[PDB]
Amino acid sequence: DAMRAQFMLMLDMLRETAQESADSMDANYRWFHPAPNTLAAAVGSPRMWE
Amino acid sequence: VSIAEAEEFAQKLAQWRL
Amino acid sequence: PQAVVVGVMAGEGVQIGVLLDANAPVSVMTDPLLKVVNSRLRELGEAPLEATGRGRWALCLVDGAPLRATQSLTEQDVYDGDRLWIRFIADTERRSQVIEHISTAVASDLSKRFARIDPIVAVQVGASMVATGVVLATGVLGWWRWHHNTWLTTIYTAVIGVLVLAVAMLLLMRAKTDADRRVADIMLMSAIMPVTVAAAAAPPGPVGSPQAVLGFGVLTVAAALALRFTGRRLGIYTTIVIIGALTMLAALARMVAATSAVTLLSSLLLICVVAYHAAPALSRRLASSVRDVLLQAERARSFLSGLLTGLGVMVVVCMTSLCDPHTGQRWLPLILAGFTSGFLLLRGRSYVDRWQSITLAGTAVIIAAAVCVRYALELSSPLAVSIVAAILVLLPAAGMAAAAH
Amino acid sequence: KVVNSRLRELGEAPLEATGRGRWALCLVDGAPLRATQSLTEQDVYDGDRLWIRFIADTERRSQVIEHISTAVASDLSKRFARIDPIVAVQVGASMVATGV
């Protein structure tokens, strides 16, 4: 049981490491391809025809 | 998106040129 | 009906009056409407409204709820003279989060939605427990005075009162924040009960009218003194002063000379009936410029709530004591209670406050129910209970159905 | 004329009004455009939206603004107010429950 308890904990730290990398991907992909309903408010911003 | 929404977006963009 | 004038609220607080088309769908007006407010703000020299990242411009009620983009302004319950708010609402889209192993998943998720115990709450728990403890101590010490005339009850209660009040003083002077004050208020209020019975228990001989004069008096005095130096928890202390004062008058009258209790009870009932009409005036007189007005408004509101509460307690005790299933014209006080209840039930509409209106409404209902119970306990027989049971369920059922249907 | 003509082709009733006044172009807030100046003199560009309205002689406009923190006004709408029927039903239910 002591080995089992250690093995489970090692996976959780990998899970947390994966999650941070995923958040960076969400932040980046949203910055370039927004949902269609939000585009109208952006017309004045420099993001148009970029 | 609806037809109204499309025309609404199109009107906002038509105001600009190079 | 072709157009409506309304006030639109914009950024940082500017209100602007505009005449809108009453039938076009709201989504058609939000864009040009935004331009107009920005033009006026720029001429005024203020910072204009701007978008931030991902989101959209929306038109909402003052409550924040957005209007449906495809509906007409007349299709919604918006009238000429109302006011609206133009606002920017940010995008809520984000990636989803998943966890496979049920043990870690339940732990992480369950820790976000609920609040764990902390040292701030821990103190309030203890303070509440000590308050419950002493009111129990005075109860048994008082029960002993009801069978024995010795000094023990006053002697032992006097020291407890001193200790509790002593501790409360340090907390009150040392406090710094509202959390600290809550602890202090709970402690100080708990001292009133031991101090009260300690004095009332001092006169020798069997308990009765003479001791009563002392008790409700010191109680009223302590409550009044506490309210002056504390200036907080207005409503509850006010209620204690009123019920304490009126009981002292009745105790003094009965002790000096009274032909009958009914006479005192009838006098008290009449005093209470007229007091209800005086309540709003009393409350109002008891009370950068904006700070003074808001402080004045809430203080006044609080006194009325307390004032109404004190009277409500007295009327039910008097009314239930005046009615009787065996004494004379058994039907006379029953119908009198009915007429008395009708006024309170109807007058409740004169006040806008929810608790004030609810307490007034509830005060009437309790009297009717209490009278039936009194007439069911005594003069006990199958007919009495059979009638009382039916009455108590039909009474409110008819009231709610007439209001909801 | 062309708008009324187009409305009839759409099957919609033409623009009509009663009383002393005139017909003119207006903004979303009801402010009429200048009758003697060019659209190039005014701040108009492709894609703007405008209204045709009847300006009766009786028309008067407020033309005034005031400042109050929007965050507080919205809060005070709910912090304290009159009773609601939904609450009354809840109270009624509790009373009949108490009765039985």
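Structure determination for this entry is recorded as cryo-EM, at 4.48 Å resolution.

If you look chain C up in the PDB entry, it shows as ESX-5 secretion system protein EccD5 from Mycobacterium tuberculosis. Word for word, the UniProt comment on chain C under Function is "Part of the ESX-5 specialized secretion system, which is responsible for the secretion of EsxN and a number of PE_PGRS and PPE proteins, including PPE41." What the UniProt record of chain C gives under Subunit is the line "Part of the ESX-5 / type VII secretion system (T7SS), which is composed of cytosolic and membrane components. The ESX-5 membrane complex is composed of EccB5, EccC5, EccD5 and EccE5."

Where the PDB entry is consulted, chain A appears under the name ESX-5 secretion system protein EccC5, with the organism given as Mycobacterium tuberculosis.

A. Inspection of the overall build of chain C at higher detail. When its secondary structure is counted, chain C shows 13 helices and four strands. The C-alpha radius of gyration of chain C comes to 30 Å, more than 25% above the 22 Å expected for a compact globule of 405 residues. Taken along the three principal axes of its C-alpha coordinates, chain C extends 85 × 55 × 55 Å. Across the 405 residues that make up chain C, the buried fraction comes to 32%. A total accessible area of about 25100 Å² is found for chain C, and carbon and sulfur atoms account for 66% of it. In chain C, which carries 32 positive and 24 negative side-chain charges, the distance between the mean positions of the two groups comes to 11 Å.

B. A look at unusual backbone geometry. A positive phi angle, close to 60 degrees, is found at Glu12 of chain C, a residue other than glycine. In this structure, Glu12 of chain C sits in the loop between β1 (3-9) and β2 (14-21). With a phi angle near 55 degrees, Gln63 of chain D is a residue other than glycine that sits in the positive phi range. Residue placement: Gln63 of chain D occurs in the loop between β2 (51-56) and β3 (65-67).

C. A look at the packing of aromatic side chains. Summed over all chains, the structure comprises three aromatic pairs over all chains. When the centroid spacing of 4.9 Å and the interplanar angle of 70 degrees are considered together, the rings of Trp31 of chain A and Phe32 of chain A count as edge-to-face. The exposure class assigned to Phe32 of chain A is partly exposed, which follows from its relative accessible area of 44%. Between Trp57 of chain C and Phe88 of chain C, the aromatic rings sit 5.1 Å apart at their centres with planes inclined by 75 degrees, giving edge-to-face as the arrangement. Residue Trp57 of chain C is located in strand β3 (residues 55-60), and its partner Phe88 of chain C is located in strand β4 (residues 83-90); the two are separated by 31 residues in the primary sequence. Assessed through its relative accessible area of 19%, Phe88 of chain C is described here as buried.

Calculation notes
Residues numbered from 1 in each chain as written, not as in the entry; some residues may be left out. Chains lettered and ligands numbered in written order. Part of a larger assembly, values for the part shown. Heavy atoms only, no water. UniProt positions renumbered as here; feature names shortened; annotations may be inferred. Helix = DSSP H or I, 4+ residues; strand = E, 2+ residues; numbered from the N terminus. Rg over C-alpha atoms; globule rule 2.2 N^0.38 Å. Buried < 20%, exposed > 50% of the residue type's maximum accessible area, 1.4 Å probe, protein only. Areas by Shrake-Rupley, 256 points an atom, 1.4 Å probe, with all protein chains shown as cover. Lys, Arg positive; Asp, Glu negative; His and termini not counted. Charge placed at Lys NZ, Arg CZ, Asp CG, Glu CD. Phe/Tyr/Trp six-rings, centres within 6.5 Å; stacked < 30°, edge-to-face > 60°.

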